[PDB]
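One structure is given here, and the rest of the page talks about it.
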Amino acid sequence: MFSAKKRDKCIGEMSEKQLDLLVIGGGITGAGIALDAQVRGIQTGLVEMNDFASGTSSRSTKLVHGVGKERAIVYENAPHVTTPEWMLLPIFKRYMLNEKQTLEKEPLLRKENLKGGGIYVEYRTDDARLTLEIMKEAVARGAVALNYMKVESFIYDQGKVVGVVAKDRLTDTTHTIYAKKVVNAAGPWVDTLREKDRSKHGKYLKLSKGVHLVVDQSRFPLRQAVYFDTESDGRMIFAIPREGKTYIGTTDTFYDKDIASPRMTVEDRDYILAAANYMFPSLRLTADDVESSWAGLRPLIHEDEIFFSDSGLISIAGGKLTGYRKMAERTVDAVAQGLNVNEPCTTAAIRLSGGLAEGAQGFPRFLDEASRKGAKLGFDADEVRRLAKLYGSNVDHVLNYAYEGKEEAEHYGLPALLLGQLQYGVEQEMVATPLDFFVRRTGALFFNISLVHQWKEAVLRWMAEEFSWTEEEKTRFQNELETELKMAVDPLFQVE
Ligand SMILES: Cc1cc2nc3c(=O)[nH]c(=O)nc-3n(C[C@H](O)[C@H](O)[C@H](O)COP(=O)(O)OP(=O)(O)OC[C@H]3O[C@@H](n4cnc5c(N)ncnc54)[C@H](O)[C@@H]3O)c2cc1C
């Protein structure tokens, strides 16, 4: 089905049945359109150049901003992806807090001039898993999707776009896909597809880079997330606690290089650590405290719109995380308009992949339950609990593979529970790369980079076997992962 071992059966599956809609982009937006369109009867296909969420949808600060109602919808439909937590906004010269109280919330805050603060609740999500769960739900309802399929050229007929040309980045082959409507939800790449349609006119895009560093909690012991100012600068910064770590706020610099390879520079790092130390003088945050980091590209219109060409291509310059749903409904409104569909948007009711029927409230009982069910399979109750939180109701699936592969796992010298996450990833999360698993299905590259160092050998060895990789594939797929691991910590690591 949605496995990375059936790609050929999935390529010739959408290049056979004529598609009503084909969307370019596996971002939160592409997945968003894919799901909505699919749940209205518009048979949709989706093509993602690299990995689902591999673009900017995996490089945000991961905050679902509150819009208030929309933030709920998201939470209730997938409580394991988003979780509300407290945010602490210090004050210098909802709950209104004075100085002593503020210091009591975060006893690490700068004392000098602290007048107080306000603490409120904010929903923290998993941009990559969110993107994915929308994808999995879309596919589950009839949508066909493929990562590592790159649209390199458009197909026209009587002046109109009727299909794309996609190159399978994993096998290097090319294919043709036809669709009644073609949406371009390519994020910061939108204009490239607009050039391949020769319609990049008027309002074009200008890119802006932002970076996040990640230090270990022991070295930045935040009680709850804090939203603070900067010394000189003029901007604000987000220090967020997660999985025993604290990833610190964002930078803002112009960007016009390669849209697929932005990363942390020495300026970026020295800028985040600087401010962080300004706000928390107790810490002596140096370049050796950062154990990981990431860069992302944010597009801005020059001279949340939607573009229409003379060929009929629909581009989504918007690209919203917090507002992805209405954004999708709006986009599908246009598609449905064109293909003429008398079907209402009811996506705010659709639970996402792994979402509980009971919605948020029902999740505690859910973990207590899944924790006990996993234990009866001879697994650590706390371990499965954490996996339940990760995978949502889909834990059963990972608990099945994990169960079934106790022998395989031993032979491959890796914990059964980890082997379960892999088979699920390959067979039901369309994982075809080690990078897919370590950075997007688990987020380990960012939040537990030592874990990927520990298991990169054993994992590559297994995948090599699971996919019948050649020497070139095994070696390449190993350099790809090794490369990112290097860029994650070292800003001087030179490529090529
Ligand atoms: C520093 C920073 C901080 C941020 N903070 C927040 C925040 O606090 N809250 C918030 O809500 N959002 C935040 N965001 C970002 C916002 O969430 C995203 O911009 C928005 O969700 C992105 O929609 P994206 O889905 O357009 O589609 P994208 O994710 O940009 O689509 C990416 C995909 O398009 C694919 N693609 C490109 N070209 C082709 C092609 N020719 N063929 C096939 N596939 C192709 C790429 O391979 C890639 O996988 C932040 C961003 C940055 C950079």
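Numbers and lists here come from the model and the stated rules, or from a named source; nothing here is a laboratory result. Please note: Cβ atoms are built from the backbone with ideal geometry, for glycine as well, and neighbour counts cover all protein chains shown.
Kindly evaluate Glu76 against the criterion of being within 30 Å of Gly249 (Cα to Cα), in contact with a helix residue (DSSP H, G or I) (Cβ under 7 Å, 6 or more places away or on another chain) and acidic (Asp, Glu). Don't jump to the end; show me each part of the working.
Details: within 30 Å of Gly249 (Cα to Cα): yes; in contact with a helix residue (DSSP H, G or I) (Cβ under 7 Å, 6 or more places away or on another chain): no; acidic (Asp, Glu): yes.
No, not satisfied.
Say whether the condition of being in a helix (DSSP H, G or I) and of a type in the set (A, V, I, L, M) is met by at least one residue in the stretch 346-366. Taking every residue of the stretch 346-366 in turn, none turns out to be in a helix (DSSP H, G or I) and of a type in the set (A, V, I, L, M).
Could you identify the single residue in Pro90, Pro107 that is more than 18 Å from the chain's Cα centre (by Cα), more than 10 Å from the ligand (Cβ to nearest atom) and buried (at least 20 other Cβ atoms within 10 Å of the Cβ)? Working first, answer last.
Details: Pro107 fails: buried (at least 20 other Cβ atoms within 10 Å of the Cβ).
The match here is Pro90.
In the stretch 437-459, of all residues being farther than 23 Å from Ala140 by Cα and among the charged types (D, E, K, R), the one that is surrounded by the fewest Cβ atoms within 10 Å (Cβ to Cβ) corresponds to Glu457. So which pairs qualify, if the first residue must be in the stretch 263-279 and farther than 13 Å from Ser232 by Cα, the second must be in a helix (DSSP H, G or I), the Cβ gap must be under 7 Å, and the two must be at least 6 apart or on different chains? That search, which allows pairs on different chains as well, returns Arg263/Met487.
There is no residue in the stretch 52-65 that is within 30 Å of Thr171 (Cβ to Cβ), under 19 Å from the mean Cα position of the chain (by Cα), of a type outside the set (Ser, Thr, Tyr) and away from the ligand (no atom under 11 Å from the Cβ).
So, of the residues in the stretch 135-185 that are charged (D, E, K, R) and either farther than 21 Å from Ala336 by Cα or not assigned by CATH to the domain that holds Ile11 (or both), which turns out to be farthest from the chain's Cα centre (by Cα)? Among them, the one singled out is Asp172. Residues that are assigned to a strand (DSSP E or B), of a type outside the set (A, V, I, L, M, F, W, C) and within 16 Å of the ligand (Cβ to nearest atom) within the stretch 247-295 comprise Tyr247, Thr253, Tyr255, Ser292, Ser293, listed in sequence order. Among the residues of the stretch 32-46, those identified as under 12 Å from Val183 (Cβ atoms) and touching a helix residue (DSSP H, G or I) at 6+ places or on another chain (Cβ under 6 Å) are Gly32, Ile33, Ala34, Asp36, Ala37, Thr44, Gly45, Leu46.
Rundown of residues vs (1) of a type in the set (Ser, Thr, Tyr); (2) in contact with a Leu (Cβ under 8 Å, 6 or more places away or on another chain), yes/no style:
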{"residue": "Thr29", "(1), (2)": "yes, no"}
{"residue": "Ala37", "(1), (2)": "no, yes"}
{"residue": "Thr44", "(1), (2)": "yes, yes"}
{"residue": "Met49", "(1), (2)": "no, no"}
{"residue": "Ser58", "(1), (2)": "yes, no"}
{"residue": "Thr61", "(1), (2)": "yes, no"}
{"residue": "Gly66", "(1), (2)": "no, no"}
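Filter the stretch 206-216 down to residues that are within 13 Å of the ligand (Cβ to nearest atom) and surrounded by fewer than 21 Cβ atoms within 10 Å (Cβ to Cβ) and give me whichever is nearest to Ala166 (Cα to Cα). For the stretch 206-216, the residue satisfying everything is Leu207.
I'm trying to understand the selection: among the residues of the stretch 399-436, which are charged (D, E, K, R) and either assigned to a loop (DSSP other than H, G, I, E, B) or surrounded by fewer than 23 Cβ atoms within 10 Å (Cβ to Cβ) (or both)? Hits for the stretch 399-436 are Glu404, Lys406, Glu407, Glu408, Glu410, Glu427, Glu429. Looking only at residues in the stretch 20-34 that are within 13 Å of the ligand (Cβ to nearest atom) and among the aliphatic types (A, V, I, L, M), the one that is farthest from the chain's Cα centre (by Cα) is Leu22.
The number of residues in the stretch 189-230 being in the same structural domain as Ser54 (by CATH) and β-branched (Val, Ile, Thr) comes to 2. Considering the stretch 167-190, the residues that are in a strand (DSSP E or B) and within 10 Å of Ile24 (Cα to Cα) include one that is nearest to the ligand (Cβ to nearest atom), namely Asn184.
Each residue in the stretch 115-162 was checked for being within 13 Å of the ligand (Cβ to nearest atom), crowded, with 23+ Cβ neighbours inside 10 Å and in a strand (DSSP E or B), and 5 of them qualify. Summed over the stretch 268-282, residues that are over 26 Å from the mean Cα position of the chain (by Cα) and surrounded by fewer than 17 Cβ atoms within 10 Å (Cβ to Cβ) total 5. From the list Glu369, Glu383, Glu410, the one residue that fits, being over 25 Å from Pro79 (Cβ atoms) and away from the ligand (no atom under 16 Å from the Cβ), is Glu410.
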